[PDB]
């Protein structure tokens, strides 16, 4: 249960000192990463999130208008061009406000939910880097919700449902929720904080979450919620964050016309469910110990001949499974079938299809699982339907 060893064994990714803290994703690791994005996109569709893409660097003058910039200016990579200085973005939020500021908005556009899979970079001390857990370049399942004060409770509800629904998909059902105190120095009126804290407290009560208040001081932007999942080793991983912001929309001049035809500043809700997805893949690799569920497995099925007489059949099957949307590989190598099955079992391929002489003549295929279970000779279409159901439902367990 070391994602760096499993990552190497399954050829998921690598790192080198020429680019510290930045992942080289190999084909199979990138497959897992794209599948996670597909999964995230399907869950946001339910809430009608927009999906946007912001630029990788912006003028330092823009970043200086955010606020508590001094505290983070040390962690950003900077660059320059034509006597102008840029920061590689360490966060997507100011870019999202730029998109919100294009076009007059009014109350009828809110809540405006805007998600991005945007790569961000931070200049972390090299001594703290570790595998996929602590990186310099990361992509989170990021989004920002622009809403009114009244809409906070409903919007925080949606985030809560999204956290519990996405975590359970992977088998994470023990979840701890920590609310945050209000620090000495904050932006915003006391009244505005008091109402927002009421929204958060009401939203957690309706869902019956047992929350604690965290001992350390919270942010200056607004109240904050952090979600911690526990893996099968009962290890704690803080992944989800919901952060209210009364500061950034005002600093970057976001506004909308309200019902009273009066110009107002939207509330921003920053939130991420998985957090850094490089890290979440690290957690998953260890949670499953490399036995990825079928929908996540880089290679879902391997089809093998016993002799060269079945090679044309195996290629036919492979094309058929591939056209049915299954990540499938043919293994036509000159190796004994017991050698091939063992090799692909060690590489954690969910299903293994064996094609001898009986199967070419019958139109069927012999099915073995990576756990060693012998499922017998099955019709090709039966196998396809069963595989498609396991994939579309993102089932955690096999047939």
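Positions refer to the first chain, counted from 1.
In this entry, the higher average B-factor at the C-alpha atoms falls on 362-370, of the pair 335-343 and 362-370. The stretch 326-334 shows the higher mean C-alpha B-factor when 326-334 is compared against 51-59 in the entry. Within the group 293, 258, 223, 249, the record's highest C-alpha temperature factor is found at 258.
Taking only the listed residues 214, 157, 276, 228, the entry reports the highest CA temperature factor at 214.
Ranked by Cα temperature factor within the chain, residue 118 sits in the middle third according to the deposited record. In this PDB entry, the Cα temperature factor of residue 193 sits in the top third of its chain's modelled residues, the highest group. When the CA B factors of the chain's modelled residues are split into thirds, the value for residue 72 lands in the highest one. Sort the chain's modelled residues by C-alpha temperature factor and residue 10 lands in the lowest third, per the entry.
Among the modelled residues of the chain, residue 23 sits in the lowest third by CA temperature factor in this PDB entry.
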